[PDB]
Every structure is written in C-alpha cells, then in structure tokens.
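Values in this text are rule-based calculations from the coordinates and carry no lab data. Cβ coordinates were reconstructed from backbone atoms using ideal geometry, including for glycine residues, and neighbour counts include every protein chain displayed.
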Amino acid sequence: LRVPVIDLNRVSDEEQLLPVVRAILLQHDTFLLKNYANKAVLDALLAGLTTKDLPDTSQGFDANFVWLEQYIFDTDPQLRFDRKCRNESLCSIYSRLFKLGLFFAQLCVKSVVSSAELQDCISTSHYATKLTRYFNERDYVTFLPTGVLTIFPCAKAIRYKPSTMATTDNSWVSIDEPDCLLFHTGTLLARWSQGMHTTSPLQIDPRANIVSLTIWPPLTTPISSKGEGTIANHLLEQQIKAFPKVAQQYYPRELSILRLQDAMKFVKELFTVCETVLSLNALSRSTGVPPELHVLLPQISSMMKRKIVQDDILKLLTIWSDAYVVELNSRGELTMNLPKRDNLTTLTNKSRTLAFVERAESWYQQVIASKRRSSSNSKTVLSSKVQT
Amino acid sequence: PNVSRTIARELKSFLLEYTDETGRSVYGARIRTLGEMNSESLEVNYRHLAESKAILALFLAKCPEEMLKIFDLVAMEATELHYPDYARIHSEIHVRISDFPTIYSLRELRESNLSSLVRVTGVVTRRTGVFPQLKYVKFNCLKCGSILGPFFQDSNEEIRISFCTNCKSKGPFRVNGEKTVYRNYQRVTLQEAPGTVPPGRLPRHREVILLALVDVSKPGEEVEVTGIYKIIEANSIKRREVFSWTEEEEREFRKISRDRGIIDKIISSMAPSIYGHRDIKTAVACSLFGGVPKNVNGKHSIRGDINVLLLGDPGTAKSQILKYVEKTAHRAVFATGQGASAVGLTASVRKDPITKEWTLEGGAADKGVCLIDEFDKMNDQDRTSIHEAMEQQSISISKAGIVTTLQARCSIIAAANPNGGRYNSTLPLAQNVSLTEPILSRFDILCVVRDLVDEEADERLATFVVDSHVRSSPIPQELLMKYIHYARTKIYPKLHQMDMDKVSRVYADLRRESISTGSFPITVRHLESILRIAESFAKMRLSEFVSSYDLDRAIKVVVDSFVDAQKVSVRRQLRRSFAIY
C-alpha cells in the first residue's frame, strides 16, 4: 500500500526518477503525480462539465441502463464525427494534458525498452476526454479502463475491488491525497508490457465529481508481435464503445442473447466451486451422508459472494450432464451424487475441470456456426418429475 | 510420513506462481505486508488453492492438524528467504484459512465432523482473556516429596494423581506448574443467533479456544469462525457476519407494496390476538422498521433508531406486543429487570462461581431491537447504561484490564406503569411517572392508554377474548417478517429540498402554541423525530424518497403523543391541531 510521492519537475531531470515511477506501475499500479504545470485551470473545469446537453454519436454523456453518467468529447481532428456545445476549458485541458501523457509515456518506456517508440503511440492524439458525473454511490460496478494510459483528477472516488495487484494484502483501500493527479493504466498497456499493468475501480463516496482523461494509441499501431492480428484500435474499440453504440455497432448479426459479453466466464467458474464442494461433503472417512442441494447453494454463494439461484447448477448439468444426477428425494430436496465410489482424486478433479472447459468450448464451437459467442441462453436442464 | 515432503515442495512452488489478476503475484505483497508490520497471520483463500489443487483441499478438509504442520513451515521458509533474520523475533507464523464454502450451523455439529475444518456462525459471550492455560502438569507428592507429570488439555478439570511411585500412599498432592507448558487463553462461549433458529427449539452453545486473535472480537455481535472440531479450536475469526429473501419472493414484495396502501394493512397485521388501537402499533411498526443513519463528513452521527415508551394501567396488554415482536422481528432481545434472562445491557466486572474468579463482560443486538418491561422498576446501573445508549450509540468498558467502546445502535421499546395504578389525568406525565425530563426526551414517542367505561370497548374486548377461549383481509405474518428484512437491508430513502420547507413553517406555529397554553415545550428533537417517522413510513412504502404526505402522518403521530402526554387543560390544543389534522 505504498504511495510514493515525487515531484514531476524532478522527473524532467531524467537521471533519477524513471525507475522510481516505473517500479510503482510494475507493483503498486496507479501512481501519484503532484504539482503539474496546470494550477487554476484544472479547478475551473468543474463548472463546464454540467452541460449534459449532448447526444451519443460516439460522444456525449452516456448513462448505461442510471446514476452513472460518462461524458466523452470526441477530439476535433476526427473526420466528420463531432458534437460541439462550448467545451473551451475541456479543449484547453486536452491540449495541455497532452504534454502530461507524452512525458509520462517518455518516463515509463525509457526504463523498459526505448523512449523513441512512444512517439508513434501518442502520434494521433485521438483520445477523447471522459467527463464523469454521478447523480446525487454504487454507480460504478467493477470495470477496467479503456485507454492504455488514464490520468484523472479525483477527490477520493477510488477503491480497489477484489483482485490481486497493488497493496498485496488485497484489502479494499480508499486513498485520499490532496493536490493529487492519479494515473490509471489500461489493460492493453499491460499486454504491450506483457503483464505489468492492472486496474482499480470506483466506490461509494460522498463527492460525485470525477474527471478522467484516457489517452488512446493510434488506429494503425500494432501491439508488440502478438497483436499484429488484433490492433490497439480493434481491441480498444471492442472494449469501450457505448451502450447505444454497442446496440448500433455490434448489431449487424442480431441475437440480443449477448452471452459472449455475459454468461461465458461466470458460468465456467461454477464448475470449479461446485467440484470442490462435492468433494468437501461426499468425500469423508466419517459417517456417510448424501450431498444435498440446500447446503451446496450457500457455499457457492460464499465463493462468488453473488446470489446463486438453484437454476445455475441446472445449467451446469445442461453443459456437463453425466457428473451430477438430478434425482429428487422423497422429502422434496434434490440430491446430487458422483458416479465414482472411490471418490474424486485431485488429478481426477483437474481432469474434470479440463473436461468441463473442453465441453463448454465444444458447445460454444458448435452453436456459433449459425452466424466469438453467438446465441445461447444457457438453457436449464429438465429436472426429472416425480411419477404420478 | 515422507508424503508431506512432496506436499511442501508443491505449495512452495504454488505461492510463487499465483497470478489471478493482471499477471501480478499477490503473495509477494502479502508477505511484504506481514514482514513490514511484523504480523504472524497469513491469509489464504480456499478457492485459490482449491482451483490449483483439490487434493490439498481434500487433505485440509480431512486432516487439518497434520495439514497445518506444513503450512507454517513453508510460510516461515518463504519469509526467511524473502526477509533475512526473521526467526530472531518471530519463531512461528500461522495461516488463516478463509472462504470456507460449506457453512455449518451449531445444531449440525455431529460425530462425523470430528477432526475437521468447519465454519460456523454465532454470537460470542463470556469474555475471559490472556491467561496462561494448561496442557501439561507436574505434581509434588508431599510424603516423599517427589515429582510426577502427565498431560492435561482443555476440557476436563484435572486428572487426579493419587498414587505415588514408591510411597504407595494416598497423601495430599500439590500442583506444580513451575516446570510446565506454555499457556494461551481465549475461553469464549459461542451461541446460536436467535434470528435463524427454528420455532420450538432452543439455541445451542459451544466453547471456543482462541490462540496466537484475542480482544479483536466484540461481544453481543454476529461472528463467523472457521476452525477445527474436537470443543472448537478457532483458526480464523470474522466480525463482519436461514430465513432470507429470495429472487422468487422479491418481485412480489414490490408488487404488494405498490398496491392498496399497505401501511394500514401492516398496522392491522401487527396485532392478531386483540383488537387494540392504532396508537400503540403505529409507534411499534415505525420503531421496528426504523429510519436511516446519516453523517456529514464523518461526524454528527444521528440516531436512526426509534425508541418508544408505553404507559397506562397494568390491566391492559403491554407485554404481549413485545412478546409478538420478539418472535416477529429479527435479532430482538427481550431483557428484564435485575436479570430475569441472565443477560443485560450494562458492562460489568463481577465474580463468577462456576470457576470462582473475577471477570469482565459488556453484557449484550447491535442492529436489533431490545425490549424492556417494567421500566420504572430498576437500579442505577441499568438506568445509566440505557441512558448512555439512548444519548449516544456506544457503551464503554473500562475495567478488568480491558478498555473497549462498543457500538450500541439498538432500538428501545420500553413499557412502564405509573405510580399508583391510575394514570391520574389531571396531572402531567412528569408528575405521574417517577422519571425526569432528559430520560424522557430520548423517547420520541410516548404512547399512553386509559380506561374505557363505555359499551363500545365492552362490546369488542370481552367478545374477542371470549372468542379466543371458545375456540379450543390483512397481510400474512411470514410475508410481513420477510418484508421487514428485505426493506431494512436494501433501501435508504433520502429527502429532497423542493417543498420540504413547509414543515419548518408548521413547526414554527406548533412550537409557539406550546408556550402560551402549554407548559412543556417542543424542540428540534421532535423535528428530527418526525423526519425519522416520515422516512420510516417511506421505507415501509418502499419509495425512492419521502413523499409530501408522509409528514402529515408524522405530525399526527407526534400530536397524539405529545398532546396526549399532558393534562386535560391543553384541550384547546386538541382543536388547535385540528386545522392540520
């Protein structure tokens, strides 16, 4: 939970603060920048983000559906896409903070590989200012930043959702530093640096005013060697968009199912918790006992901390049928068991996980020939009905 | 066995490879935080190593005592190659096994759960700490004056030694613990919570051992402990935390709350045994549903609870309403007098006779509602402790070597009787009750009943009580008690400055009229009380904010409590409040 403070006039020395700033973004992620050349022009922008008059058109304040309002103002050079109200202070800060992004990129990549390779990373300067207004706060669900380098002013506004990077004790920490410019690094920048960067979320806080500046790499730049197939523009364009834009852009091939954005990753971790909780009870050297569904749902509820409906286990049965028997006991409770009597070995547990992920890959692979996941709702398996 | 040697090198390779989020090894940050702050507690989630190796999870679930001999050694080895000379200060470092999926109850503790890991919920009581307990003994034989020693754990009293080596005597033996083992104490008695116990049954209780985790637990709160079962030997404690709301019942609660003005239906559903009158149950329902606690920049904590006070002749029913809400409301604690229930509200240092020593305990529902019967019949300690808990929301313990200020944000429902039986309506309530004004000022609602001579009450009360004896429209009880827990844990209705300033106009009339005709005044606490009653009615209405007519019911609740708590000579105030009625 170390938060080193160093002047950014001393980084312009270039012989003493490159490793200190680099060591934090490889360990503590978000770095603390104080006393930038902007003084009273950063506090004069809080009266100009309250417009809220503009439509989306890859711009505009976007409220995902409600208290969360994200206003992104598309840069003027971009051809034939703009919405201009007034936004003079936003343009002046956009021109000034370009030097903060170029200088931060110069200090970041001069202790890694080369400081001459970032001039084509900032070349286009197409990044749009992101002005975030929260209504009078759970408005920010756990999420990751868009651009490679995000430098935002904030009052506090920042926590750390459960994840493992900065402050290795993995407790949620709220940090409030007066006179503070906080730098947020993106997911794609971690891929360019192959695992050096992470993310941090926003939490419930009294002050709803958040100004976030994310600087975007050009449309034509590939990312290392492996990203020659997926360019920074393609991956970041797939990442952000907007809810009206996701409705418009991702549209061409219908299916509001959207399971690719939704079910995949969450449903395939159900087997990992469920396989360990059926070896937690059924496997014991003491007094038998049959695995019941009433004591299984709360344990998986503890695993993900999320509410678990009893139908998710039925979806797990639909994808992998032969592991769990759905027979219902005479008392009304629905028991499940395993075919083996010699119990699940750790190697058999790993083989079951590989078989479950392979089966999910097979279902996703066969279902997507109709049109990336295409359309499935993860239909529940039919529960055997009691006779007569 | 040598099989632990292939286990050790497996998890030694595991701690250096766990990168779950963004390729970052969180164990290096965990080991630098325990090494820089000199901690001995290491945190490991069960899901992490369970996703890595299920055989280690099966070994931890089967034999955790031999599984714990590998964990501390590999943690000390990792701390030694990460930090030099760490063994000079700290010899051993324990681990904290958290995130147990199968949370058990106290009534499911059976013979099959022996020598295994178990996560149980409960409430802690009986705090005895930092004492040297025993595990070995020696004994001095006085006849020949000799020494002999066995073993003694944590359940029996002591293993009588009565046969010497060569004396062959039954002489008097003395306990030598001047060559003996180390001691660590945390004798805590844990109990089952009353908000999840089935009806008809009694909550069980066990004894827990705490070693290496003392005085970080708060007595009278819900707790989650993960330990081994043999007497439970706790490994990890959690002070953050079966009748709960589901997805199939949460949509119908909004559908029920949207139609047909459910506030009066909840009022009619409050008393099924008798007819009653809405003045007791309106205060009871707004006290159990409660308001919201708010602070401004970390300070100025307002009390979100509502403490109601019942008064009247002892022939009427005042204990049946609290007896119904003790079963109905969650975490409801019925306490009485000197100590009918052998548990109280006040901190105390006292002697204990089971082992015959001195101990300290801060008695007891931090989110719940405490019910006090016969409020006028108490001593100085339980009056001052409830006055401190009614004034601010904390109770301090400053004795037996411990100093702890615990949270006391509980609602208070008190019932009392006047001096002499009769209410004596030609005198105020301050001359009627033996209590004074600042203990009366904490109670915002003062409900009082009287005697009814007329045929109306004779036609209804006797017929309902004879209908109850001749037999051997509202909201049902189960949906109501599930709605209480659903609304009290999800919403927080605020207020908007659009037209709320009008209540500051009507308070400006209502304060002034209490000076010229009445003797007792109205203060800012009544304004805080009607805002809490209006937000409690908005909580019961399940709205986003408080409406404009919730304050009308709030001002009706404060007029029929304050005007009714005075003489008959404030009768003009019965018609003076008729313009806003």
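Below are the figures for this structure:
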| read-out | value |
| --- | --- |
| Percent of beta bridges antiparallel (DSSP, chain B, rounded to nearest 5) | 60 percent |
| Dimensionless Rg/Rh of the stretch B:402-481 - Kirkwood Rh, Rg from C-alpha atoms | 1.12 |
| ³J(HN,Hα), Karplus 6.51/-1.76/1.60, whole Hz, each residue of the stretch B:387-395, x for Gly, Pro | 6, 6, 6, 8, 6, 10, 9, 8, 10 |
| Cα-projected label distance for B:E66 with B:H48, points at 7 Å along beta-carbon direction, nm | 2.6 nm |
| Estimated [θ] at 222 nm from DSSP helical runs (n ≥ 4, -39500 (n - 2.57)) normalised by residues in chain B, nearest 500 | -10500 deg cm²/dmol |
| Efficiency of FRET between B:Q338 and B:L435 - r from beta-carbon atoms, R0 30 angstrom, step 0.05 | 0.95 |
| Which of B:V465, A:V273 has the fewest Cβ neighbours within 10 Å, and the rest in rising order | B:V465, A:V273 |
| Placed amide H near B:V448: partners under 5 Å, 5+ positions off or other chain | B:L311 |
| Per DSSP, loop GluC sites (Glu not before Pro) in the stretch B:58-159 with at most 14 further Cβ within 10 Å | B:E92, B:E108, B:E157, B:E158 |
| Sorted peptide list for B:431-441, B:271-281, criterion being average Cβ within 10 angstrom, highest first | B:271-281, B:431-441 |
| With 10 Å bins from 0: P(r) over the stretch B:122-216, alpha-carbon pairs, percent | 14, 32, 23, 18, 10, 4, 0 |
| The stretch A:108-180: Cα Rg divided by the 2.2 N^0.38 Å rule of thumb | 1.42 |
| Ascending count of other beta-carbon atoms within 10 Å, so fewest first, for B:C167, B:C141 | B:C167, B:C141 |
| Bins of 10 Å from zero: percent of alpha-carbon pairs in the stretch B:1-102 | 13, 50, 33, 5 |
| Cα-based shape type of the protein assembly as shown, given that a ≥ b ≥ c are square roots of the gyration tensor eigenvalues and the cut on a/c is 1.5 | oblate |
| Alpha-carbon Debye profile of the stretch B:321-400, log10 I(q)/I(0) at 0.20, 0.21 Å⁻¹ | -1.01, -1.08 |
| Global form of chain B, assessed from the alpha-carbon gyration tensor, a/c cut-off 1.5 | prolate |
| Likely footprinting exposure, B:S543, B:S473, fewest C-beta neighbours within 10 Å first | B:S473, B:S543 |
| Descending Cα extents along the principal axes, the stretch B:135-181, whole Å | 30, 19, 14 |
| Neighbouring partner chain Cβ atoms per residue of B:102-110, average, 10 Å criterion | 2 |
| Listed residue pairs exceeding 27 Å between alpha carbons, taken from A:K315/B:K62; A:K39/B:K299; B:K12/B:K135; B:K69/B:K399; A:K161/B:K490; A:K315/B:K539 | A:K315/B:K62; A:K39/B:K299; B:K12/B:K135; B:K69/B:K399; A:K315/B:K539 |
| Backbone HN-Hα couplings from phi across the stretch A:331-346 [Karplus 6.51/-1.76/1.60, Hz, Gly and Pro as x] | 7, x, 7, 9, 7, 10, 9, 10, x, 6, 9, 7, 6, 6, 6, 3 |
| Principal semi-axes in Å for the stretch A:310-381 [√(5λ), Cα gyration tensor, largest first] | 26, 19, 7 |
| Nonlocal amide H pairs with B:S25, under 5 Å, H built at 1.01 Å | none |
| Shape category assigned to the stretch B:242-581 from the gyration tensor of Cα positions, a/c cut at 1.5 | rounded |
| Tail beyond 30 Å, pair distance distribution of chain A (Cα, percent) | 52 percent |
| Under 5 Å, built H, 5+ apart or other chain: amide partners of A:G186 | A:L149, A:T150 |
| Efficiency of FRET between A:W172 and B:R460 - r from beta-carbon atoms, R0 56 angstrom, step 0.05 | 0.50 |
| Average Cα contact separation per residue, the stretch A:262-365, under 8 Å, 6 or more apart, as relative contact order % | 30 percent |
| Karplus (6.51, -1.76, 1.60) ³J(HN,Hα), θ = phi - 60°, over the stretch A:253-261, in Hz, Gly and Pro reported as x | 10, 5, 6, 3, 4, 6, 3, 4, 6 |
